[PDB]
Amino acid sequence: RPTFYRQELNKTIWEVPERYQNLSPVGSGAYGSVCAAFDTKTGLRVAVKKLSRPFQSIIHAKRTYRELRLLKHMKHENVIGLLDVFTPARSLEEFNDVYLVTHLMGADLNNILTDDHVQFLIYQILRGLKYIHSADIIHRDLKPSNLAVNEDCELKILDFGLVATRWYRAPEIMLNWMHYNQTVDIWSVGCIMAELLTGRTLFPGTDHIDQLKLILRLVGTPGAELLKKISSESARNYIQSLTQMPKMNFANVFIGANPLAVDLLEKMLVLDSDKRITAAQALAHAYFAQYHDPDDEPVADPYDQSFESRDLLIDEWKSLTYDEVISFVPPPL
Ligand SMILES: COc1ccc(OC)c(CCC(=O)Nc2cc(-c3sc(/N=N/c4ccccc4)nc3-c3ccc(F)cc3)ccn2)c1
Ligand SMILES: CCCCCCCCO[C@@H]1O[C@H](CO)[C@@H](O)[C@H](O)[C@H]1O
Ligand SMILES: CCCCCCCCO[C@@H]1O[C@H](CO)[C@@H](O)[C@H](O)[C@H]1O
Ligand SMILES: CCCCCCCCO[C@@H]1O[C@H](CO)[C@@H](O)[C@H](O)[C@H]1O
């Protein structure tokens, strides 16, 4: 067990192993405070997140368990991974705080285009998405603030920020569709790619209604092939009661863009999620010919998500989280 040291920062206490030095607060964080730091053991600059009230309730405890399970599983260049996880607690009985460590990241996709850069950035997204989707994991919330980018133009998918979420959301989500397929994320990639090509948010709807209205103006109202798969009586009536609109030609909309990029957008931004191109198929699209390598686009180990359907007590999610802290094996050097 490492030797811990204790210090207060931004009016909250921090107890971390000695290896992490020069803690500098970077923000309040999503659900916990974050500091930059220097990892003396590896030489890496890192981010340490102290989760806030991680076992306050059953929802909080399951969410804490979920976050640790996800980060421990992700082992891929274009997906955020876990350098370390620790607690100052010496036993389950006194276990109350959880700290997560990963590589320090500077800019997100907003803070960073030529067509070569769009190719490379979207390629890395799809490569990380292929890995995530292969583990039966849906991101559901892809957007530029969730994508970290180096000056190297290297990119990682995150599930947090360092830009309304609705702008990149698949339409089936905003219709509160019961089931979702992995290509909700491909829709988001399409919106992101269009923005990198035009410099403008593709669908900057003010709300969900305005959002769907903007979407339909580009892709057209559902055809009969899609209408026959809509089970909601109300959703079907409203859709059909709209003035039908034709799917625009994307060449006209994305004028001057690389025609291969326009073609890929047409295969991504399809209403019928059954017809959207998958991440694996998109990596083989001719638009990525100079980056695509089928032998270096790996899939993930299977991810056991059975816990999502369980209703457990707080102390049980806490104990399961403790098991995952204890069993952690750091990445090698
Ligand atoms: C110009 O700008 C900068 C200049 C200098 C800087 O440094 C001194 C920085 C710091 C940049 C930074 O924030 N870098 C960072 C953050 C995280 C985060 S952010 C988060 N939640 N944030 C929210 C907040 C609100 C809503 C949603 C999410 N969680 C983790 C995190 C996740 C996992 C983990 F193991 C550790 C930390 C991870 C890695 N790098 C910026
Ligand atoms: C100013 C920066 C100081 C960094 C100190 C990192 C100290 C890591 O200290 C740890 O102490 C243990 C007990 O001696 C040893 O068993 C570990 O191998 C060692 O890494
Ligand atoms: C590797 C971390 C960045 C990519 C994360 C992709 C998966 C996000 O994961 C999703 O988060 C949702 C909200 O907690 C959960 O409800 C879903 O069950 C979970 O699959
Ligand atoms: C005007 C708004 C139209 C929204 C159309 C959304 C079509 C989404 O596509 C649908 O997604 C469902 C859930 O994954 C699938 O079960 C259906 O098979 C698929 O066609």
# chains A, B, ... in the order shown; residues from 1 in each chain; ligands from 1
>>> residues_near_ligand(ligand="ligand 1", cutoff="9 Å", atoms="only C-alpha atoms and all ligand atoms", output="compact mmCIF listing (two decimals) with N, CA and C atoms, in the first residue's frame")
# COMPACT_ATOMS: atom_id res chain seq x y z
N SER A 24 -3.10 20.48 -9.04
CA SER A 24 -3.61 21.80 -9.41
C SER A 24 -5.06 21.64 -9.83
N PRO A 25 -6.01 22.26 -9.13
CA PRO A 25 -7.42 22.09 -9.50
C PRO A 25 -7.71 22.62 -10.89
N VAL A 26 -8.50 21.86 -11.64
CA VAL A 26 -8.90 22.26 -12.98
C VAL A 26 -10.39 22.57 -13.08
N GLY A 27 -11.19 22.16 -12.11
CA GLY A 27 -12.61 22.46 -12.16
C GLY A 27 -13.38 21.62 -11.16
N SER A 28 -14.67 21.94 -11.05
CA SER A 28 -15.55 21.25 -10.12
C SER A 28 -15.95 19.87 -10.63
N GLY A 29 -15.95 19.66 -11.95
CA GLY A 29 -16.22 18.36 -12.52
C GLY A 29 -17.70 18.02 -12.61
N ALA A 30 -17.98 16.93 -13.33
CA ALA A 30 -19.35 16.49 -13.52
C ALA A 30 -19.99 16.09 -12.19
N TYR A 31 -19.43 15.05 -11.59
CA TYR A 31 -19.91 14.51 -10.33
C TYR A 31 -18.78 14.43 -9.31
N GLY A 32 -17.69 15.15 -9.55
CA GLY A 32 -16.56 15.17 -8.63
C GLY A 32 -15.43 16.10 -9.04
N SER A 33 -14.68 16.60 -8.07
CA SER A 33 -13.63 17.57 -8.37
C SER A 33 -12.46 16.89 -9.07
N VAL A 34 -11.75 17.67 -9.86
CA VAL A 34 -10.64 17.18 -10.66
C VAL A 34 -9.43 18.08 -10.43
N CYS A 35 -8.25 17.46 -10.33
CA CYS A 35 -6.98 18.17 -10.30
C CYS A 35 -6.05 17.59 -11.35
N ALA A 36 -5.27 18.46 -11.99
CA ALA A 36 -4.09 18.01 -12.72
C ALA A 36 -3.00 17.63 -11.73
N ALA A 37 -2.09 16.76 -12.17
CA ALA A 37 -1.01 16.32 -11.29
C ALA A 37 0.10 15.71 -12.13
N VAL A 46 -1.14 13.76 -15.35
CA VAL A 46 -2.39 13.03 -15.19
C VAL A 46 -3.49 13.94 -14.67
N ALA A 47 -4.72 13.45 -14.79
CA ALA A 47 -5.88 14.05 -14.16
C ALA A 47 -6.41 13.10 -13.10
N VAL A 48 -6.63 13.61 -11.90
CA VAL A 48 -7.19 12.84 -10.80
C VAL A 48 -8.56 13.43 -10.49
N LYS A 49 -9.59 12.59 -10.55
CA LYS A 49 -10.96 12.99 -10.22
C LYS A 49 -11.35 12.37 -8.89
N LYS A 50 -11.73 13.21 -7.93
CA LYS A 50 -12.30 12.75 -6.67
C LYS A 50 -13.82 12.77 -6.80
N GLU A 67 -19.34 3.60 -13.59
CA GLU A 67 -18.22 4.36 -14.14
C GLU A 67 -16.91 3.60 -13.97
N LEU A 68 -16.69 3.00 -12.80
CA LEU A 68 -15.45 2.26 -12.58
C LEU A 68 -15.38 1.02 -13.46
N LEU A 71 -14.52 2.29 -17.16
CA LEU A 71 -13.15 2.78 -17.34
C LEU A 71 -12.14 1.64 -17.23
N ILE A 80 -10.89 6.77 -23.74
CA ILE A 80 -10.29 7.06 -22.45
C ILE A 80 -10.13 5.78 -21.65
N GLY A 81 -8.97 5.63 -21.00
CA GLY A 81 -8.69 4.46 -20.21
C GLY A 81 -8.24 4.86 -18.81
N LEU A 82 -8.09 3.86 -17.95
CA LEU A 82 -7.83 4.08 -16.53
C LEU A 82 -6.36 3.82 -16.22
N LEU A 83 -5.64 4.87 -15.78
CA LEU A 83 -4.27 4.67 -15.32
C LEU A 83 -4.23 4.09 -13.91
N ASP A 84 -5.13 4.55 -13.04
CA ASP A 84 -5.12 4.15 -11.65
C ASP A 84 -6.48 4.43 -11.04
N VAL A 85 -6.81 3.67 -10.00
CA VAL A 85 -7.96 3.94 -9.16
C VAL A 85 -7.55 3.63 -7.73
N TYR A 99 -11.14 7.71 -6.14
CA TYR A 99 -10.37 8.60 -6.99
C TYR A 99 -10.00 7.88 -8.28
N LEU A 100 -10.24 8.53 -9.41
CA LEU A 100 -9.92 7.98 -10.72
C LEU A 100 -8.80 8.79 -11.36
N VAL A 101 -7.85 8.10 -12.00
CA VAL A 101 -6.70 8.74 -12.63
C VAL A 101 -6.64 8.32 -14.09
N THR A 102 -6.40 9.30 -14.98
CA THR A 102 -6.16 9.03 -16.38
C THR A 102 -5.20 10.08 -16.93
N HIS A 103 -4.82 9.93 -18.20
CA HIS A 103 -3.94 10.91 -18.83
C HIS A 103 -4.58 12.29 -18.80
N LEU A 104 -3.77 13.30 -18.54
CA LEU A 104 -4.25 14.67 -18.61
C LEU A 104 -4.49 15.04 -20.06
N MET A 105 -5.66 15.63 -20.34
CA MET A 105 -6.01 16.04 -21.68
C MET A 105 -6.29 17.53 -21.70
N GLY A 106 -5.86 18.18 -22.78
CA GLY A 106 -5.99 19.62 -22.88
C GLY A 106 -7.29 20.06 -23.52
N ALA A 107 -7.36 19.98 -24.84
CA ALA A 107 -8.49 20.51 -25.59
C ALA A 107 -9.49 19.42 -25.91
N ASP A 108 -10.75 19.83 -26.07
CA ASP A 108 -11.76 18.99 -26.69
C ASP A 108 -11.93 19.41 -28.14
N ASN A 111 -12.10 23.09 -29.21
CA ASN A 111 -10.90 23.92 -29.15
C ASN A 111 -9.94 23.66 -30.30
N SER A 145 -17.65 18.18 -27.24
CA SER A 145 -17.11 18.36 -25.89
C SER A 145 -16.74 17.03 -25.23
N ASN A 146 -17.16 15.90 -25.79
CA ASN A 146 -16.83 14.58 -25.28
C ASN A 146 -15.69 13.92 -26.03
N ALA A 148 -11.64 14.34 -26.77
CA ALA A 148 -10.38 15.01 -26.49
C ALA A 148 -9.44 14.87 -27.68
N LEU A 158 -14.53 10.31 -24.74
CA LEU A 158 -14.80 10.43 -23.31
C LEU A 158 -16.30 10.31 -23.06
N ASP A 159 -16.67 10.16 -21.80
CA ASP A 159 -18.07 10.29 -21.40
C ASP A 159 -18.24 11.45 -20.43
N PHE A 160 -17.56 12.55 -20.72
CA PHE A 160 -17.57 13.76 -19.91
C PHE A 160 -16.88 14.86 -20.70
N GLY A 161 -17.13 16.11 -20.29
CA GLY A 161 -16.48 17.25 -20.89
C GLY A 161 -15.28 17.73 -20.09
N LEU A 162 -14.41 18.49 -20.74
CA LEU A 162 -13.20 19.00 -20.09
C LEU A 162 -13.40 20.41 -19.53
>>> residues_around(residues="residue 219 (chain A)", least_positions_apart="5", cutoff="10 Å", atoms="only C-alpha atoms", output="list in words")
residues 214, 245, 246, 247, 248, 249, 250, 266, 269, 270 and 271 of chain A
>>> write_last_selection(atoms="N, CA and C atoms", output="PDB file, in the first residue's frame")
ATOM      1  N   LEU A 214     -35.712  20.503 -37.848  1.00  0.00           N
ATOM      2  CA  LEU A 214     -34.511  20.757 -38.639  1.00  0.00           C
ATOM      3  C   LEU A 214     -34.005  19.480 -39.297  1.00  0.00           C
ATOM      4  N   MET A 245     -41.736  16.251 -46.845  1.00  0.00           N
ATOM      5  CA  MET A 245     -40.601  16.962 -47.399  1.00  0.00           C
ATOM      6  C   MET A 245     -39.650  15.977 -48.062  1.00  0.00           C
ATOM      7  N   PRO A 246     -39.033  16.361 -49.177  1.00  0.00           N
ATOM      8  CA  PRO A 246     -38.106  15.450 -49.850  1.00  0.00           C
ATOM      9  C   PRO A 246     -36.742  15.464 -49.181  1.00  0.00           C
ATOM     10  N   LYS A 247     -36.091  14.305 -49.177  1.00  0.00           N
ATOM     11  CA  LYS A 247     -34.700  14.259 -48.752  1.00  0.00           C
ATOM     12  C   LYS A 247     -33.864  15.112 -49.693  1.00  0.00           C
ATOM     13  N   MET A 248     -33.174  16.100 -49.141  1.00  0.00           N
ATOM     14  CA  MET A 248     -32.339  16.946 -49.976  1.00  0.00           C
ATOM     15  C   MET A 248     -31.153  16.156 -50.518  1.00  0.00           C
ATOM     16  N   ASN A 249     -30.600  16.648 -51.621  1.00  0.00           N
ATOM     17  CA  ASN A 249     -29.330  16.139 -52.115  1.00  0.00           C
ATOM     18  C   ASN A 249     -28.222  16.731 -51.255  1.00  0.00           C
ATOM     19  N   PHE A 250     -27.410  15.868 -50.643  1.00  0.00           N
ATOM     20  CA  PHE A 250     -26.377  16.366 -49.740  1.00  0.00           C
ATOM     21  C   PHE A 250     -25.270  17.096 -50.483  1.00  0.00           C
ATOM     22  N   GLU A 266     -24.217  10.865 -46.228  1.00  0.00           N
ATOM     23  CA  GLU A 266     -25.497  10.304 -46.655  1.00  0.00           C
ATOM     24  C   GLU A 266     -25.721   8.915 -46.070  1.00  0.00           C
ATOM     25  N   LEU A 269     -26.370   9.859 -41.949  1.00  0.00           N
ATOM     26  CA  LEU A 269     -27.523  10.648 -41.523  1.00  0.00           C
ATOM     27  C   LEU A 269     -28.805  10.148 -42.192  1.00  0.00           C
ATOM     28  N   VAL A 270     -29.132   8.891 -41.904  1.00  0.00           N
ATOM     29  CA  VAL A 270     -30.353   8.252 -42.384  1.00  0.00           C
ATOM     30  C   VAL A 270     -31.315   8.121 -41.211  1.00  0.00           C
ATOM     31  N   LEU A 271     -32.589   8.452 -41.443  1.00  0.00           N
ATOM     32  CA  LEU A 271     -33.584   8.339 -40.379  1.00  0.00           C
ATOM     33  C   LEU A 271     -33.680   6.912 -39.862  1.00  0.00           C
TER      34      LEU A 271
END
>>> select_by_dssp(residues="region 225-311 of chain A", states="helix (DSSP H, G or I)", output="PyMOL selection string")
chain A and resi 225-227+233-241+250-253+259-268+273-275+279-283+286-288+294-296+306-309
>>> atom_distance(atom1="CA of residue 18 (chain A)", atom2="atom 2 (C, counted along the ligand's line) of ligand 3")
26.6 Å
>>> closest_atom_pairs(of="chain A", to="ligand 4", cutoff="6 Å", atoms="only C-alpha atoms and all ligand atoms", output="Markdown table")
| residue | atom | partner | partner_atom_place_in_ligand_line | distance |
| --- | --- | --- | --- | --- |
| A:171 | CA | ligand 4 | 4 (C) | 5.0 |
| A:172 | CA | ligand 4 | 6 (C) | 4.3 |
| A:179 | CA | ligand 4 | 13 (C) | 5.1 |
| A:180 | CA | ligand 4 | 14 (O) | 3.8 |
| A:181 | CA | ligand 4 | 14 (O) | 4.4 |
| A:226 | CA | ligand 4 | 20 (O) | 5.8 |
| A:229 | CA | ligand 4 | 20 (O) | 6.0 |
| A:239 | CA | ligand 4 | 1 (C) | 5.8 |
| A:271 | CA | ligand 4 | 7 (C) | 4.9 |
| A:272 | CA | ligand 4 | 9 (O) | 3.7 |
| A:273 | CA | ligand 4 | 9 (O) | 3.8 |
| A:274 | CA | ligand 4 | 19 (C) | 5.2 |
>>> write_last_selection(atoms="N, CA, C and O atoms", output="PDB file, in the first residue's frame")
ATOM      1  N   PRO A 171     -32.606  11.026 -33.792  1.00  0.00           N
ATOM      2  CA  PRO A 171     -34.023  11.384 -33.632  1.00  0.00           C
ATOM      3  C   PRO A 171     -34.820  10.368 -32.834  1.00  0.00           C
ATOM      4  O   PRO A 171     -35.745  10.760 -32.109  1.00  0.00           O
ATOM      5  N   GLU A 172     -34.493   9.075 -32.931  1.00  0.00           N
ATOM      6  CA  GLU A 172     -35.243   8.077 -32.173  1.00  0.00           C
ATOM      7  C   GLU A 172     -35.128   8.308 -30.671  1.00  0.00           C
ATOM      8  O   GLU A 172     -36.056   7.985 -29.918  1.00  0.00           O
ATOM      9  N   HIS A 179     -36.349   0.969 -27.585  1.00  0.00           N
ATOM     10  CA  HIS A 179     -35.070   0.319 -27.816  1.00  0.00           C
ATOM     11  C   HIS A 179     -34.200   1.178 -28.723  1.00  0.00           C
ATOM     12  O   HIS A 179     -34.699   1.929 -29.564  1.00  0.00           O
ATOM     13  N   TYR A 180     -32.887   1.065 -28.540  1.00  0.00           N
ATOM     14  CA  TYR A 180     -31.913   1.807 -29.325  1.00  0.00           C
ATOM     15  C   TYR A 180     -30.889   0.847 -29.897  1.00  0.00           C
ATOM     16  O   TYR A 180     -30.444  -0.079 -29.216  1.00  0.00           O
ATOM     17  N   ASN A 181     -30.509   1.068 -31.144  1.00  0.00           N
ATOM     18  CA  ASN A 181     -29.407   0.317 -31.715  1.00  0.00           C
ATOM     19  C   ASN A 181     -28.143   1.172 -31.685  1.00  0.00           C
ATOM     20  O   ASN A 181     -28.194   2.392 -31.494  1.00  0.00           O
ATOM     21  N   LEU A 226     -40.249   3.005 -43.598  1.00  0.00           N
ATOM     22  CA  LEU A 226     -39.963   3.291 -42.198  1.00  0.00           C
ATOM     23  C   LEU A 226     -41.245   3.396 -41.379  1.00  0.00           C
ATOM     24  O   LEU A 226     -41.262   3.019 -40.202  1.00  0.00           O
ATOM     25  N   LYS A 229     -42.596   0.409 -39.486  1.00  0.00           N
ATOM     26  CA  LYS A 229     -41.876  -0.057 -38.307  1.00  0.00           C
ATOM     27  C   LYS A 229     -42.106   0.828 -37.092  1.00  0.00           C
ATOM     28  O   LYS A 229     -41.514   0.574 -36.039  1.00  0.00           O
ATOM     29  N   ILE A 239     -46.326  12.243 -37.422  1.00  0.00           N
ATOM     30  CA  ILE A 239     -45.409  12.177 -38.562  1.00  0.00           C
ATOM     31  C   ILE A 239     -46.176  12.271 -39.877  1.00  0.00           C
ATOM     32  O   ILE A 239     -45.855  13.086 -40.750  1.00  0.00           O
ATOM     33  N   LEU A 271     -32.589   8.452 -41.443  1.00  0.00           N
ATOM     34  CA  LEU A 271     -33.584   8.339 -40.379  1.00  0.00           C
ATOM     35  C   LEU A 271     -33.680   6.912 -39.862  1.00  0.00           C
ATOM     36  O   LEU A 271     -33.606   6.672 -38.652  1.00  0.00           O
ATOM     37  N   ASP A 272     -33.846   5.953 -40.765  1.00  0.00           N
ATOM     38  CA  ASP A 272     -33.989   4.549 -40.393  1.00  0.00           C
ATOM     39  C   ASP A 272     -32.657   4.024 -39.866  1.00  0.00           C
ATOM     40  O   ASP A 272     -31.730   3.775 -40.646  1.00  0.00           O
ATOM     41  N   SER A 273     -32.563   3.847 -38.541  1.00  0.00           N
ATOM     42  CA  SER A 273     -31.319   3.393 -37.927  1.00  0.00           C
ATOM     43  C   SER A 273     -30.886   2.023 -38.438  1.00  0.00           C
ATOM     44  O   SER A 273     -29.690   1.708 -38.392  1.00  0.00           O
ATOM     45  N   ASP A 274     -31.819   1.219 -38.954  1.00  0.00           N
ATOM     46  CA  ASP A 274     -31.457  -0.061 -39.551  1.00  0.00           C
ATOM     47  C   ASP A 274     -30.637   0.110 -40.820  1.00  0.00           C
ATOM     48  O   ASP A 274     -29.953  -0.831 -41.234  1.00  0.00           O
TER      49      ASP A 274
END
>>> residues_near_ligand(ligand="ligand 2", cutoff="8 Å", atoms="only C-alpha atoms and all ligand atoms", output="PDB file with N, CA and C atoms, in the first residue's frame")
ATOM      1  N   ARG A   1       0.822  -1.207   0.000  1.00  0.00           N
ATOM      2  CA  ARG A   1       0.000   0.000   0.000  1.00  0.00           C
ATOM      3  C   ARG A   1       0.859   1.261   0.000  1.00  0.00           C
ATOM      4  N   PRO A   2       0.553   2.201  -0.894  1.00  0.00           N
ATOM      5  CA  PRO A   2       1.336   3.438  -0.956  1.00  0.00           C
ATOM      6  C   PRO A   2       1.098   4.315   0.264  1.00  0.00           C
ATOM      7  N   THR A   3       2.037   5.228   0.491  1.00  0.00           N
ATOM      8  CA  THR A   3       1.890   6.207   1.556  1.00  0.00           C
ATOM      9  C   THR A   3       1.083   7.384   1.032  1.00  0.00           C
ATOM     10  N   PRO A  17      -2.040   9.079  -3.065  1.00  0.00           N
ATOM     11  CA  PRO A  17      -0.697   8.524  -2.872  1.00  0.00           C
ATOM     12  C   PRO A  17       0.382   9.541  -3.214  1.00  0.00           C
ATOM     13  N   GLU A  18       1.548   9.371  -2.577  1.00  0.00           N
ATOM     14  CA  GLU A  18       2.643  10.327  -2.745  1.00  0.00           C
ATOM     15  C   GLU A  18       3.084  10.447  -4.196  1.00  0.00           C
ATOM     16  N   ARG A  19       2.885   9.394  -4.996  1.00  0.00           N
ATOM     17  CA  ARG A  19       3.349   9.411  -6.377  1.00  0.00           C
ATOM     18  C   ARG A  19       2.771  10.585  -7.154  1.00  0.00           C
ATOM     19  N   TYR A  20       1.549  10.996  -6.834  1.00  0.00           N
ATOM     20  CA  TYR A  20       0.893  12.092  -7.533  1.00  0.00           C
ATOM     21  C   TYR A  20       1.248  13.403  -6.847  1.00  0.00           C
ATOM     22  N   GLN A  21       1.946  14.272  -7.570  1.00  0.00           N
ATOM     23  CA  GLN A  21       2.476  15.508  -7.023  1.00  0.00           C
ATOM     24  C   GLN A  21       1.944  16.700  -7.802  1.00  0.00           C
ATOM     25  N   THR A  40       4.808  10.748 -10.547  1.00  0.00           N
ATOM     26  CA  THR A  40       6.249  10.532 -10.444  1.00  0.00           C
ATOM     27  C   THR A  40       6.647   9.112 -10.821  1.00  0.00           C
ATOM     28  N   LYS A  41       5.731   8.150 -10.701  1.00  0.00           N
ATOM     29  CA  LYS A  41       6.074   6.760 -10.981  1.00  0.00           C
ATOM     30  C   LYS A  41       6.250   6.521 -12.476  1.00  0.00           C
TER      31      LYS A  41
END
>>> residues_near_ligand(ligand="ligand 3", cutoff="9 Å", atoms="only C-alpha atoms and all ligand atoms", output="MDAnalysis selection string")
chainID A and resid 63 66:67 70:75 79:81 128:129 132:133 136:142 146 156:160 305 308
>>> residues_around(residues="residue 227 (chain A)", least_positions_apart="3", cutoff="9 Å", atoms="only C-alpha atoms", output="compact mmCIF listing (two decimals) with N, CA and C atoms, in the first residue's frame")
# COMPACT_ATOMS: atom_id res chain seq x y z
N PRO A 222 -40.29 10.50 -43.08
CA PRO A 222 -40.19 9.04 -43.26
C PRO A 222 -40.97 8.55 -44.48
N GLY A 223 -40.38 7.60 -45.19
CA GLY A 223 -41.09 6.88 -46.22
C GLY A 223 -41.95 5.78 -45.63
N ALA A 224 -42.70 5.11 -46.51
CA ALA A 224 -43.58 4.04 -46.04
C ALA A 224 -42.79 2.86 -45.51
N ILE A 230 -42.96 1.85 -37.20
CA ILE A 230 -43.28 2.72 -36.08
C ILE A 230 -44.49 2.16 -35.36
N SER A 231 -44.31 1.76 -34.10
CA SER A 231 -45.37 1.15 -33.32
C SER A 231 -46.25 2.17 -32.61
N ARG A 236 -46.92 7.97 -35.08
CA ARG A 236 -47.25 7.72 -36.48
C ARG A 236 -48.21 8.77 -37.00
N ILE A 239 -46.33 12.24 -37.42
CA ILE A 239 -45.41 12.18 -38.56
C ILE A 239 -46.18 12.27 -39.88
N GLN A 240 -47.21 11.44 -40.04
CA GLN A 240 -47.96 11.43 -41.29
C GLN A 240 -48.75 12.72 -41.49
>>> closest_residue(among="A:277, A:44, A:61, A:282", to="residue 319 (chain A)", atoms="only C-alpha atoms")
A:61
>>> residues_around(residues="residue 175 (chain A)", least_positions_apart="2", cutoff="10 Å", atoms="only C-alpha atoms", output="list in words")
residues 170, 171, 172, 173, 177, 178, 208, 209, 212, 232 and 235 of chain A
>>> write_last_selection(atoms="N, CA and C atoms", output="PDB file, in the first residue's frame")
ATOM      1  N   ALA A 170     -29.558  11.312 -31.892  1.00  0.00           N
ATOM      2  CA  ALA A 170     -30.342  10.632 -32.913  1.00  0.00           C
ATOM      3  C   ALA A 170     -31.825  10.937 -32.713  1.00  0.00           C
ATOM      4  N   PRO A 171     -32.606  11.026 -33.792  1.00  0.00           N
ATOM      5  CA  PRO A 171     -34.023  11.384 -33.632  1.00  0.00           C
ATOM      6  C   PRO A 171     -34.820  10.368 -32.834  1.00  0.00           C
ATOM      7  N   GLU A 172     -34.493   9.075 -32.931  1.00  0.00           N
ATOM      8  CA  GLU A 172     -35.243   8.077 -32.173  1.00  0.00           C
ATOM      9  C   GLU A 172     -35.128   8.308 -30.671  1.00  0.00           C
ATOM     10  N   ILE A 173     -34.015   8.879 -30.212  1.00  0.00           N
ATOM     11  CA  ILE A 173     -33.873   9.146 -28.785  1.00  0.00           C
ATOM     12  C   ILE A 173     -34.851  10.225 -28.343  1.00  0.00           C
ATOM     13  N   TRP A 177     -37.844   6.552 -28.019  1.00  0.00           N
ATOM     14  CA  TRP A 177     -37.954   5.195 -28.527  1.00  0.00           C
ATOM     15  C   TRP A 177     -37.575   4.203 -27.440  1.00  0.00           C
ATOM     16  N   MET A 178     -38.345   3.118 -27.344  1.00  0.00           N
ATOM     17  CA  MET A 178     -38.086   2.113 -26.318  1.00  0.00           C
ATOM     18  C   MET A 178     -36.671   1.558 -26.438  1.00  0.00           C
ATOM     19  N   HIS A 208     -36.399  19.921 -28.548  1.00  0.00           N
ATOM     20  CA  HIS A 208     -36.547  18.645 -29.242  1.00  0.00           C
ATOM     21  C   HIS A 208     -37.442  18.768 -30.470  1.00  0.00           C
ATOM     22  N   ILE A 209     -38.523  19.547 -30.378  1.00  0.00           N
ATOM     23  CA  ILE A 209     -39.399  19.726 -31.534  1.00  0.00           C
ATOM     24  C   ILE A 209     -38.655  20.443 -32.650  1.00  0.00           C
ATOM     25  N   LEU A 212     -36.122  18.013 -34.287  1.00  0.00           N
ATOM     26  CA  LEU A 212     -36.686  17.093 -35.272  1.00  0.00           C
ATOM     27  C   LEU A 212     -37.095  17.827 -36.540  1.00  0.00           C
ATOM     28  N   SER A 232     -45.710   3.350 -32.291  1.00  0.00           N
ATOM     29  CA  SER A 232     -46.480   4.357 -31.570  1.00  0.00           C
ATOM     30  C   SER A 232     -47.579   4.923 -32.455  1.00  0.00           C
ATOM     31  N   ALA A 235     -47.035   8.842 -32.425  1.00  0.00           N
ATOM     32  CA  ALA A 235     -45.899   9.226 -33.258  1.00  0.00           C
ATOM     33  C   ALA A 235     -46.208   9.042 -34.735  1.00  0.00           C
TER      34      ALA A 235
END
>>> select_by_dssp(residues="region 25-193 of chain A", states="strand (DSSP E or B)", output="ChimeraX atom specification")
/A:25-27,32-39,45-51,76,79,84-86,99-103,107-108,147-149,155-157
>>> atom_distance(atom1="CA of residue 196 (chain A)", atom2="CA of residue 279 (chain A)")
18.2 Å
>>> atom_distance(atom1="CA of residue 204 (chain A)", atom2="CA of residue 126 (chain A)")
22.9 Å
>>> closest_residue(among="A:197, A:253, A:92, A:16", to="residue 323 (chain A)", atoms="only C-alpha atoms")
A:92
>>> residues_around(residues="residue 280 (chain A)", least_positions_apart="5", cutoff="12 Å", atoms="only C-alpha atoms", output="number ranges by chain")
A: 123-134, 182-183, 186, 285, 288, 292-294, 296-299
>>> residues_around(residues="residue 166 (chain A)", least_positions_apart="3", cutoff="8 Å", atoms="only C-alpha atoms", output="list in words")
residues 169, 205, 207, 208 and 211 of chain A
>>> residues_around(residues="residue 193 (chain A)", least_positions_apart="3", cutoff="9 Å", atoms="only C-alpha atoms", output="PyMOL selection string")
chain A and resi 118-119+121-122+188-190+196-198+261+265
>>> write_last_selection(atoms="C-alpha atoms", output="short mmCIF file (atom, residue, chain, number, x, y, z; two decimals), in the first residue's frame")
data_model
loop_
_atom_site.label_atom_id
_atom_site.label_comp_id
_atom_site.auth_asym_id
_atom_site.auth_seq_id
_atom_site.Cartn_x
_atom_site.Cartn_y
_atom_site.Cartn_z
CA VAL A 118 -11.51 15.76 -40.89
CA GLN A 119 -10.56 12.35 -42.32
CA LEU A 121 -10.38 12.91 -36.68
CA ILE A 122 -13.54 11.14 -37.85
CA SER A 188 -23.92 11.71 -33.80
CA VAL A 189 -20.73 11.08 -35.77
CA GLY A 190 -22.53 12.34 -38.87
CA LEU A 196 -16.06 19.84 -39.08
CA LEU A 197 -16.67 20.26 -42.82
CA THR A 198 -18.90 23.35 -42.67
CA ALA A 261 -17.20 12.93 -47.43
CA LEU A 265 -22.61 11.66 -44.56
#
>>> closest_residue(among="A:333, A:98, A:325, A:314", to="residue 56 (chain A)", atoms="only C-alpha atoms")
A:314
